[PDB]
């Protein structure tokens, strides 16, 4: 009966102005609901930014951000927007827009959310990923199981999708989250465990896709 | 009985966020009046920035600036505010806050204004003025009379007041508008024409006052 | 995106003369136009709204007229305090654009300027800068052309000039032009001239020193 | 302003157990508290509002309690689809602050990690960087300590590490610890080791290699 | 959406 | 810096 959808740039630069928009369907913007903006940094909890009344037009913000935040509304298009001026690198997060249901004299809860929108604040430019092989050997052999992988290093922005054998291999694979190096570039590793006998018979290739730069790379992983 | 008063920093730097406030007395913010912000660059006409409905809460802006402007309201303190993000050097102007009265279905006019608030956008820092005398010569003596003055130069930001002999001399003085040089600083000239015979009995001293730097200079 | 214009950009008339300023909008705005009066350095004063509805307390001599894309503010028997800049404003729908503004003068006898020239002082010379000032005192009309000539060399872009208001007593003007150079480029040359051209000059008048 | 703390910051329990999370404020907020559930990478799901009023469509086993500055979310007979992160929220007056969050695990038999070490690749060395990757496959619990010793030199500040979520099948984790160096520093030493200490290891497990 | 219509003025004239 | 009160939750419920 209500469905929200974020929209806006997934990448802004430090000190610039961020502008996001949340479209609403199935209900009216001009109503007794409080349209709220939420954000969650990568790997952290939720942080209530601010909300706005559909009919009153008044706003409320997080006291730690009231100077840099601005909430708005557009009745005709069934939308409400959020602007964050003088952004900093520490604002990279997933920004949710939700409907804060309300009662006659008592607020209720955020019963309808949007899928969210990732937004990164970084000075680094879009740089395609460098893929290096992590070959199996006696060092990476515990028991009868051997482990290999691919090192996706120095790339920007997130995300990168990694498959093995062109999506044929899915059992035993562990693709790790990416860490933002001091260089402003991300880095991750995708490994796969296979029987030691498979090393001499079967072929293994990791398929990396980084569409932010239209990069598609495939890397064979061979012993020695 | 309406009365509006502007307040806020009289000086911001480029790219920073400008914020200004307008206190209202004699009327309620939550009313049918559309409270408005007007700016007027130095030596140019009026420019309508934006307004906001005291009750509807909806905002309207100038299409050439909608991306940088934010207007808000505060029902408790009887105030409304303006925010201009990513300010540029070309935004130096006097910012008025006015009450755009409203009828039942149409708008009237801005019948109540504030005195205004000057806000300069520049990277220069405060400086006290250098006072130099502009002495008369054979070219500044049209037979009778004799013109002199003081060149208040290299100071920032405006304004600067100039008095002669503690304000005793007043007839025939012309203080010209200050010019913003390529150096970012200001400079002006204040002259006064007097009888050539007055040089032997009266004394001429210009008293400059630049409060932004807490400076008081006197230079014969 | 209405492009409102006013005409004339400036004019001059004396006490008693009826004046008529025009305002034009690139599209129709019915009878929703507002006129304002702004003194030098003061916030505007609401004069008229609704094409010709006189704001309470405004003199009767202020009158409005027109409709659609053409309007007119008329001041019968112009008074002294009516000197000011006047703006027209769309007041029906956004962006409520203001007009370019029309300035009103006070005609007076064509007076010649008292032209003075002031050299840099001993102090500023110690500071490494040379600012030569040229003064024009009490003249009319406001139009005046000043050109600097350092040893018969016309200047451009390295000098600035500022003009005063109409003196509240004799309704004359004053202009100050300052040519600023490094003390190096200054002491090299020896003769400095300030050339003034005005409606009351058959040929330019030069005022120079050494 | 308001400070909302949840406790325990994370706990592990098996299906069928009665689970309880606590959320405390720094000031009174009457019966206005909302609970949310968040799956990995997904938006939260409104569970409860008004302390204990259950949102429509939420199972009965979810129950809220408490008043003032001490609230409780209880799940009777925990189910598999309930393992997630749970947040509380003040919903009476601004700034409607969210709690710190509580993650719920699936308690499982202790499984020691499979330790693998990978030396730097020749392509990367040609590029001027050396990245020694150390892997720890499928291990429960999540608490595992990794150390880097280059020529028996304890390392610090030169390594990054990343962990996965609970595997949907074997409820085990996997950890990756990449040690990055300059090709100069890397070639200036001989033995590189990756020492692990975990609950399932009677003694630390080292996985080293010689540069030559 | 520049908008601004007489009805928005009517809305700006009433509040609870 | 006023706080949301029940009247703000009611005045915005049916208005404009």
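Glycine also receives a Cβ, built like all others from the backbone with ideal geometry; neighbour counts cover every protein chain displayed. What is reported rests on the model, the rules as stated and the sources as named; no laboratory read-out is quoted.
Numbers at a glance
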read-out: Scope the stretch B:105-117; condition at the interface with chain C (Cβ under 9 Å from one of its Cβ atoms) and over 27 Å from residue B:211 (Cα atoms); matching residues; value: B:106, B:107, B:108, B:109, B:110, B:111, B:112
read-out: Hits in chain E - residues which are surrounded by 18 or more Cβ atoms within 10 Å (Cβ to Cβ) and not in a loop (DSSP other than H, G, I, E, B); value: E:8, E:9, E:11
read-out: Residue check, residue D:130 touching a helix residue (DSSP H, G or I) at 6+ places or on another chain (Cβ under 6 Å) and without any contact (Cβ under 8 Å) to a residue 60 or more places away in the chain; value: yes
read-out: Failed criterion for residue A:120 (all others in (1) within 13 Å of another protein chain (Cβ to nearest Cβ); (2) more than 29 Å from residue A:198 (Cβ to Cβ); (3) part of a strand (DSSP E or B) hold); value: (1)
read-out: Hits in the stretch B:200-210 (condition: free of Cβ contacts under 8 Å to residues at least 12 places away in the same chain and either surrounded by 14 or more Cβ atoms within 10 Å (Cβ to Cβ) or out of contact with any helix residue (DSSP H, G or I) (no Cβ under 9 Å at 6 or more places or on another chain) (or both)); value: B:200, B:201
read-out: Test: residue B:76 is within 13 Å of chain A (Cβ to nearest Cβ), under 20 Å from residue B:3 (Cα atoms) and in a loop (DSSP other than H, G, I, E, B); value: yes
read-out: Filter result for residue A:89 (away from chain B (no Cβ under 12 Å) and over 22 Å from the mean Cα position of the chain (by Cα)); value: no
read-out: Test for residue A:66: is it on the phi < 0 side of the Ramachandran plot, part of a loop (DSSP other than H, G, I, E, B) and under 24 Å from the mean Cα position of the chain (by Cα); value: no
read-out: Strands (runs of 3 or more DSSP E) wholly inside the stretch D:1-91 containing at least 1 residues that are without any contact (Cβ under 8 Å) to a residue 40 or more places away in the chain and surrounded by 16 or more Cβ atoms within 10 Å (Cβ to Cβ); value: D:45-49, D:62-66
read-out: Answer residue from the stretch B:35-56, given it is in contact with a helix residue (DSSP H, G or I) (Cβ under 9 Å, 6 or more places away or on another chain) and farther than 14 Å from residue B:100 by Cα and is surrounded by the fewest Cβ atoms within 10 Å (Cβ to Cβ) among those; value: B:41
read-out: Among the residues listed as D:201, D:154, D:181, the single one being more than 9 Å from chain A (Cβ to nearest Cβ), loosely packed, with under 12 Cβ neighbours inside 10 Å and either more than 14 Å from residue D:119 (Cα to Cα) or touching a residue at least 40 places away in the same chain (Cβ under 8 Å) (or both); value: D:154
read-out: One residue from A:32, A:26 being in contact with a strand residue (DSSP E or B) (Cβ under 9 Å, 6 or more places away or on another chain), surrounded by fewer than 14 Cβ atoms within 10 Å (Cβ to Cβ) and in contact (Cβ under 8 Å) with a residue 12 or more places away in the chain; value: A:26
read-out: Any hit, the stretch A:35-44, residues being farther than 23 Å from residue D:5 by Cβ, assigned to a strand (DSSP E or B) and more than 10 Å from chain B (Cβ to nearest Cβ); value: yes
read-out: Hits in the stretch C:27-41 (condition: facing chain B (nearest Cβ under 8 Å) and under 22 Å from residue B:97 (Cβ atoms)); value: C:34, C:36, C:38
read-out: Selection status of residue D:166, surrounded by fewer than 20 Cβ atoms within 10 Å (Cβ to Cβ) and away from every other protein chain (no Cβ under 14 Å); value: no
read-out: Failed criterion for residue C:53 (all others in (1) within 14 Å of chain B (Cβ to nearest Cβ); (2) in contact with a strand residue (DSSP E or B) (Cβ under 7 Å, 6 or more places away or on another chain); (3) over 30 Å from residue C:183 (Cα atoms) hold); value: (2)
read-out: Single condition residue B:102 does not satisfy, out of (1) touching a residue at least 24 places away in the same chain (Cβ under 8 Å); (2) more than 14 Å from chain A (Cβ to nearest Cβ); (3) out of contact with any helix residue (DSSP H, G or I) (no Cβ under 7 Å at 6 or more places or on another chain); (4) closer than 23 Å to residue B:29 by Cα; value: (3)
read-out: Test for residue D:149: is it more than 14 Å from residue D:200 (Cβ to Cβ) and either in contact with a helix residue (DSSP H, G or I) (Cβ under 6 Å, 6 or more places away or on another chain) or not assigned by TED's automatic domain parsing to the domain that holds residue D:119 (or both); value: no
read-out: Residues of the stretch A:1-31 that turn out to be closer than 30 Å to residue B:16 by Cβ, in a loop (DSSP other than H, G, I, E, B) and within 13 Å of another protein chain (Cβ to nearest Cβ), as a count; value: 5
read-out: Residue in the stretch D:126-151 that is nearest to residue D:103 (Cα to Cα), counting only those that are more than 14 Å from every other protein chain (Cβ to nearest Cβ) and loosely packed, with under 14 Cβ neighbours inside 10 Å; value: D:143
read-out: Tally of residues being within 12 Å of chain C (Cβ to nearest Cβ) and in a strand (DSSP E or B) across the stretch B:136-193; value: 22
read-out: Test for residue B:81: is it at the interface with another protein chain (Cβ under 9 Å from one of its Cβ atoms), over 23 Å from residue C:5 (Cβ atoms) and either without any contact (Cβ under 8 Å) to a residue 40 or more places away in the chain or in contact with a strand residue (DSSP E or B) (Cβ under 6 Å, 6 or more places away or on another chain) (or both); value: no
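Table: residues versus (1) surrounded by 17 or more Cβ atoms within 10 Å (Cβ to Cβ); (2) under 21 Å from residue C:132 (Cβ atoms); (3) touching a residue at least 12 places away in the same chain (Cβ under 8 Å).
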| site | (1), (2), (3) |
| --- | --- |
| B:138 | no, yes, no |
| B:184 | no, no, yes |
| B:192 | yes, yes, yes |
| B:195 | no, no, yes |
| B:198 | no, no, yes |
| B:216 | no, no, no |
